[PDB]
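Peer 1: so I pulled this structure from the PDB, and the sequence comes with it:
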There are 2 protein chains.
Amino acid sequence: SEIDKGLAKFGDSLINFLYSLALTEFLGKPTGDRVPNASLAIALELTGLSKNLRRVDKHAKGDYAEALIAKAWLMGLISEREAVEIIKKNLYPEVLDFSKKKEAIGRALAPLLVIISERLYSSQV
Amino acid sequence: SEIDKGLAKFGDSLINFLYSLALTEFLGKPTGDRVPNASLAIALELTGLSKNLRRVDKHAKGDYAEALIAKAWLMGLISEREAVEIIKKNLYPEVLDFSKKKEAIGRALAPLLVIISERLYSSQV
(Lines give C-alpha, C1' and ligand atoms only; values in the text may rest on other atoms or scores of the structure.)
Protein backbone atom coordinates (compact mmCIF):
# COMPACT_ATOMS: atom_id res chain seq x y z
CA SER A 1 0.00 0.00 0.00
CA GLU A 2 1.06 3.59 -0.63
CA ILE A 3 -1.27 4.90 2.06
CA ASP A 4 0.06 5.99 5.43
CA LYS A 5 -2.75 5.31 7.92
CA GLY A 6 -1.62 8.15 10.18
CA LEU A 7 -1.56 10.67 7.33
CA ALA A 8 -5.03 9.60 6.28
CA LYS A 9 -6.40 10.05 9.83
CA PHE A 10 -4.90 13.52 10.06
CA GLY A 11 -6.20 14.33 6.59
CA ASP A 12 -9.73 13.29 7.60
CA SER A 13 -9.80 15.82 10.46
CA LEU A 14 -8.28 18.53 8.26
CA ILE A 15 -10.58 18.21 5.24
CA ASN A 16 -13.68 18.15 7.42
CA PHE A 17 -12.64 21.40 9.05
CA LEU A 18 -11.77 23.03 5.70
CA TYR A 19 -15.04 21.90 4.11
CA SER A 20 -17.15 23.02 7.08
CA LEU A 21 -15.45 26.44 7.11
CA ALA A 22 -16.04 26.82 3.36
CA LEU A 23 -19.68 25.77 3.78
CA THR A 24 -20.09 28.19 6.68
CA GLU A 25 -18.85 31.14 4.59
CA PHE A 26 -20.78 29.97 1.49
CA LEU A 27 -24.08 29.89 3.44
CA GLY A 28 -23.26 32.94 5.56
CA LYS A 29 -23.97 31.02 8.78
CA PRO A 30 -22.05 28.56 10.99
CA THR A 31 -22.60 24.99 9.87
CA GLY A 32 -20.75 21.72 9.33
CA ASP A 33 -21.18 18.49 7.37
CA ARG A 34 -18.96 15.38 7.35
CA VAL A 35 -17.18 14.80 4.05
CA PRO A 36 -18.40 11.48 2.68
CA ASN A 37 -15.73 8.91 1.86
CA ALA A 38 -17.36 8.54 -1.56
CA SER A 39 -16.86 12.23 -2.29
CA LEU A 40 -13.10 11.92 -1.79
CA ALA A 41 -13.01 8.90 -4.11
CA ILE A 42 -15.13 10.73 -6.70
CA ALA A 43 -12.64 13.63 -6.60
CA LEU A 44 -9.60 11.34 -6.99
CA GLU A 45 -11.14 9.68 -10.02
CA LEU A 46 -12.32 12.94 -11.62
CA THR A 47 -8.78 14.37 -11.49
CA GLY A 48 -7.38 11.11 -12.88
CA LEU A 49 -5.15 10.62 -9.85
CA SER A 50 -6.76 7.26 -9.04
CA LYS A 51 -5.09 5.75 -12.13
CA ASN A 52 -1.76 5.68 -10.32
CA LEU A 53 -3.11 3.56 -7.48
CA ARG A 54 -2.02 -0.04 -7.01
CA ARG A 55 -4.67 -2.76 -6.69
CA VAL A 56 -4.17 -3.04 -2.93
CA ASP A 57 -5.35 0.60 -2.61
CA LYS A 58 -8.29 0.55 -5.09
CA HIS A 59 -10.85 0.23 -2.29
CA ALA A 60 -9.25 3.02 -0.25
CA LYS A 61 -9.41 5.95 -2.69
CA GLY A 62 -10.76 8.23 0.04
CA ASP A 63 -7.94 7.43 2.45
CA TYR A 64 -5.48 8.08 -0.36
CA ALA A 65 -6.94 11.56 -0.97
CA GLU A 66 -6.88 12.31 2.79
CA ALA A 67 -3.21 11.37 3.11
CA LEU A 68 -2.36 13.48 0.06
CA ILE A 69 -4.03 16.52 1.68
CA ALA A 70 -2.37 15.86 5.04
CA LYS A 71 1.09 15.60 3.47
CA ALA A 72 0.74 18.88 1.54
CA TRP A 73 -0.50 20.69 4.64
CA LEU A 74 2.15 19.32 7.01
CA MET A 75 4.87 20.38 4.54
CA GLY A 76 3.41 23.90 4.31
CA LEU A 77 2.51 23.57 0.63
CA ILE A 78 -0.99 24.94 1.09
CA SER A 79 -2.71 27.19 3.65
CA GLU A 80 -6.10 26.85 5.31
CA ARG A 81 -7.41 30.07 3.72
CA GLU A 82 -6.25 29.08 0.25
CA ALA A 83 -7.86 25.63 0.55
CA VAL A 84 -11.11 27.18 1.79
CA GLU A 85 -11.28 29.60 -1.16
CA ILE A 86 -10.66 26.83 -3.69
CA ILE A 87 -13.45 24.73 -2.17
CA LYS A 88 -15.90 27.63 -1.80
CA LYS A 89 -15.59 28.70 -5.47
CA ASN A 90 -16.84 25.26 -6.54
CA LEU A 91 -19.67 24.84 -4.01
CA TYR A 92 -23.22 24.59 -5.34
CA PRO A 93 -26.79 24.56 -3.93
CA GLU A 94 -26.71 20.77 -4.22
CA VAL A 95 -24.62 20.95 -1.05
CA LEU A 96 -27.93 21.20 0.82
CA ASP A 97 -29.35 18.24 -1.08
CA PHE A 98 -28.88 14.80 0.48
CA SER A 99 -29.65 13.17 -2.89
CA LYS A 100 -26.81 14.96 -4.69
CA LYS A 101 -24.41 15.86 -1.86
CA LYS A 102 -21.90 13.06 -2.52
CA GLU A 103 -21.31 14.09 -6.11
CA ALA A 104 -21.45 17.81 -5.28
CA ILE A 105 -18.81 17.68 -2.55
CA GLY A 106 -16.57 15.48 -4.70
CA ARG A 107 -16.79 18.05 -7.51
CA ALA A 108 -15.82 20.83 -5.12
CA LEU A 109 -12.78 18.90 -3.85
CA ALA A 110 -11.40 17.82 -7.24
CA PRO A 111 -9.74 21.19 -7.96
CA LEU A 112 -8.11 21.17 -4.51
CA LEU A 113 -6.47 17.76 -5.11
CA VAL A 114 -5.12 18.86 -8.49
CA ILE A 115 -3.44 21.88 -6.92
CA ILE A 116 -2.12 19.83 -3.99
CA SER A 117 -0.67 17.06 -6.20
CA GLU A 118 1.01 19.63 -8.45
CA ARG A 119 2.69 21.39 -5.52
CA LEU A 120 4.02 18.19 -3.94
CA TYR A 121 5.67 17.17 -7.22
CA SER A 122 7.04 20.68 -7.78
CA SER A 123 8.61 20.65 -4.31
CA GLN A 124 11.13 17.99 -5.29
CA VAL A 125 14.65 19.21 -6.05
CA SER B 1 -26.76 29.17 26.63
CA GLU B 2 -28.66 28.45 23.42
CA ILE B 3 -27.80 25.23 21.59
CA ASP B 4 -27.73 25.91 17.85
CA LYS B 5 -27.08 22.65 15.99
CA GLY B 6 -25.42 24.48 13.09
CA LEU B 7 -22.83 25.99 15.41
CA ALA B 8 -22.38 22.61 17.15
CA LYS B 9 -21.69 20.90 13.80
CA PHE B 10 -19.09 23.50 12.92
CA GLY B 11 -17.55 23.07 16.37
CA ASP B 12 -17.38 19.31 15.85
CA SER B 13 -15.24 19.83 12.73
CA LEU B 14 -13.08 22.44 14.48
CA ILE B 15 -12.48 20.42 17.67
CA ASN B 16 -11.62 17.28 15.70
CA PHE B 17 -8.92 19.19 13.81
CA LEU B 18 -7.50 20.86 16.93
CA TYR B 19 -7.54 17.53 18.78
CA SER B 20 -5.80 15.77 15.89
CA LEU B 21 -3.05 18.42 15.78
CA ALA B 22 -2.51 17.98 19.51
CA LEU B 23 -2.52 14.16 19.24
CA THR B 24 0.02 14.42 16.42
CA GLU B 25 2.52 16.39 18.50
CA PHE B 26 1.79 14.26 21.58
CA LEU B 27 2.56 11.07 19.62
CA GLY B 28 5.38 12.59 17.57
CA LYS B 29 3.81 11.45 14.30
CA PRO B 30 0.91 12.37 11.98
CA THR B 31 -2.37 10.93 13.19
CA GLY B 32 -5.92 11.92 14.08
CA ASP B 33 -9.17 10.97 15.74
CA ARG B 34 -12.76 12.10 16.24
CA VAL B 35 -13.90 13.36 19.63
CA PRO B 36 -16.85 11.24 20.80
CA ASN B 37 -20.01 13.09 21.87
CA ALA B 38 -19.71 11.39 25.25
CA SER B 39 -16.26 12.89 25.87
CA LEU B 40 -17.53 16.43 25.31
CA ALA B 41 -20.47 15.82 27.68
CA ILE B 42 -18.09 14.47 30.35
CA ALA B 43 -15.86 17.52 29.91
CA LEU B 44 -18.85 19.86 30.36
CA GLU B 45 -19.94 18.19 33.58
CA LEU B 46 -16.36 18.05 34.90
CA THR B 47 -16.14 21.84 34.62
CA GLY B 48 -19.55 22.08 36.27
CA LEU B 49 -20.83 24.16 33.36
CA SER B 50 -23.57 21.61 32.74
CA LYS B 51 -25.46 23.45 35.49
CA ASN B 52 -26.56 26.12 33.01
CA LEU B 53 -28.71 23.96 30.72
CA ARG B 54 -31.80 22.02 31.81
CA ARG B 55 -32.37 18.36 32.70
CA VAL B 56 -33.99 17.99 29.29
CA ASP B 57 -31.00 19.62 27.59
CA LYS B 58 -28.84 16.74 28.83
CA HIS B 59 -28.90 14.96 25.47
CA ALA B 60 -27.33 18.13 24.10
CA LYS B 61 -24.43 18.51 26.55
CA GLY B 62 -21.92 17.31 23.98
CA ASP B 63 -23.33 19.60 21.30
CA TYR B 64 -23.40 22.56 23.73
CA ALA B 65 -19.71 22.12 24.59
CA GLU B 66 -18.89 22.02 20.87
CA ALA B 67 -20.94 25.11 20.08
CA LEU B 68 -19.09 27.01 22.84
CA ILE B 69 -15.70 26.24 21.30
CA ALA B 70 -16.93 27.33 17.87
CA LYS B 71 -18.38 30.55 19.25
CA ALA B 72 -15.10 31.44 20.97
CA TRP B 73 -12.99 30.66 17.90
CA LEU B 74 -15.35 32.43 15.51
CA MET B 75 -15.34 35.55 17.72
CA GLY B 76 -11.55 35.51 17.74
CA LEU B 77 -11.28 34.88 21.47
CA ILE B 78 -8.77 32.04 21.03
CA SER B 79 -6.27 30.94 18.35
CA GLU B 80 -5.63 27.49 16.89
CA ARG B 81 -2.15 27.43 18.43
CA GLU B 82 -3.35 28.25 21.95
CA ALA B 83 -6.18 25.72 21.82
CA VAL B 84 -3.77 23.00 20.64
CA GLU B 85 -1.36 23.73 23.50
CA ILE B 86 -4.13 23.56 26.14
CA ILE B 87 -5.24 20.15 24.84
CA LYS B 88 -1.73 18.65 24.62
CA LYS B 89 -0.79 19.69 28.16
CA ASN B 90 -3.71 17.61 29.36
CA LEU B 91 -3.34 14.54 27.12
CA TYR B 92 -2.51 11.14 28.59
CA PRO B 93 -1.72 7.70 27.19
CA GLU B 94 -5.21 6.49 28.21
CA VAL B 95 -6.29 8.49 25.16
CA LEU B 96 -4.83 5.66 23.07
CA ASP B 97 -6.77 2.99 24.97
CA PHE B 98 -10.13 2.28 23.35
CA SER B 99 -11.62 1.23 26.69
CA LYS B 100 -10.59 4.42 28.51
CA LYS B 101 -10.42 6.99 25.69
CA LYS B 102 -13.95 8.25 26.36
CA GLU B 103 -13.10 9.57 29.84
CA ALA B 104 -9.52 10.44 28.86
CA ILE B 105 -10.53 12.76 26.02
CA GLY B 106 -13.10 14.40 28.28
CA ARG B 107 -10.33 15.06 30.82
CA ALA B 108 -8.12 16.64 28.17
CA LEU B 109 -10.86 18.97 26.92
CA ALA B 110 -12.15 20.11 30.31
CA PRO B 111 -9.40 22.76 30.78
CA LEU B 112 -10.03 24.16 27.31
CA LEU B 113 -13.75 24.56 28.04
CA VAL B 114 -12.90 26.39 31.28
CA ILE B 115 -10.74 28.97 29.51
CA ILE B 116 -13.18 29.45 26.63
CA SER B 117 -16.09 29.82 29.07
CA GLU B 118 -14.21 32.46 31.03
CA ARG B 119 -13.35 34.42 27.89
CA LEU B 120 -16.95 34.27 26.66
CA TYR B 121 -18.09 35.91 29.90
CA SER B 122 -15.10 38.19 30.53
CA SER B 123 -15.80 39.69 27.10
CA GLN B 124 -19.28 39.10 25.66
CA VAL B 125 -20.63 38.65 29.19
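Peer 2: The structure has been received and is ready for your questions. Numbers count the residues shown, from 1 in each chain, chains lettered A, B, ... in the order given.

Peer 1: which positions in chain A make contact with chain B?
Peer 2: Taking C-beta under 8 Å from any C-beta of the partner chain, the part of chain A that reaches chain B is made up of A:4, A:6-7, A:9-14, A:16-17, A:19-21, A:24, A:29-34, A:70, A:74. For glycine as for every other residue, the C-beta is placed from the backbone atoms N, C-alpha and C.

Peer 1: mind redoing it with 10 Å?
Peer 2: A:4-21, A:23-24, A:27, A:29-35, A:66-67, A:70-71, A:73-74, A:80 (C-beta under 10 Å from any C-beta of the partner chain).

Peer 1: neighbours of residue A:56, how many?
Peer 2: Per other C-beta atoms under 10 Å in any protein chain shown, the neighbour tally for residue A:56 reads 10.

Peer 1: quick check, it in contact with residue A:63.
Peer 2: No. If you go by C-beta atoms under 10 Å, residue A:56 and residue A:63 don't touch, sitting 11.7 Å apart.

Peer 1: what do these two both touch?
Peer 2: Here residue A:56 and residue A:63 have A:1, A:3 as joint contacts, going by C-beta atoms under 10 Å, 6 or more residues apart in numbering or on different chains.

Peer 1: thought residue A:70 was touching residue B:17?
Peer 2: No. Taking contacts as C-beta under 10 Å, residue A:70 lies outside contact range of residue B:17: 11.3 Å.

Peer 1: overlap in contacts of the two?
Peer 2: Common neighbours of residue A:70 and residue B:17 (C-beta under 10 Å, 6+ apart) are A:10, A:12, A:13, A:14, A:15, B:32.

Peer 1: can you put those in TSV and add secondary structure and distance to residue B:123?
Peer 2: Compiled in TSV, the shared contacts of residue A:70 and residue B:17 are given as follows (DSSP: H, G, I helix; E, B strand; the rest coil; distance: C-beta to C-beta, whole Å):
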residue	secondary structure	distance to residue B:123
A:10	helix	32
A:12	helix	33
A:13	helix	28
A:14	helix	29
A:15	helix	31
B:32	coil	31
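
Peer 1: could you pull up the contacting residues of residue A:13?
Peer 2: A:66, A:70, B:13-21, B:23-24, B:31-35.

Peer 1: do residue A:80 as well
Peer 2: Contacts of residue A:80 by C-beta under 10 Å, 6+ apart are A:14, A:17, A:18, A:21, A:73, B:17, B:80.

Peer 1: wait, the third one touches residue A:83, no?
Peer 2: Yes. If you go by C-beta under 10 Å, residue A:18 and residue A:83 touch, sitting 4.9 Å apart.

Peer 1: shared neighbours of the two, anything?
Peer 2: With C-beta under 10 Å, 6+ apart, residue A:18 and residue A:83 have common neighbours A:69, A:73, A:109, A:112.
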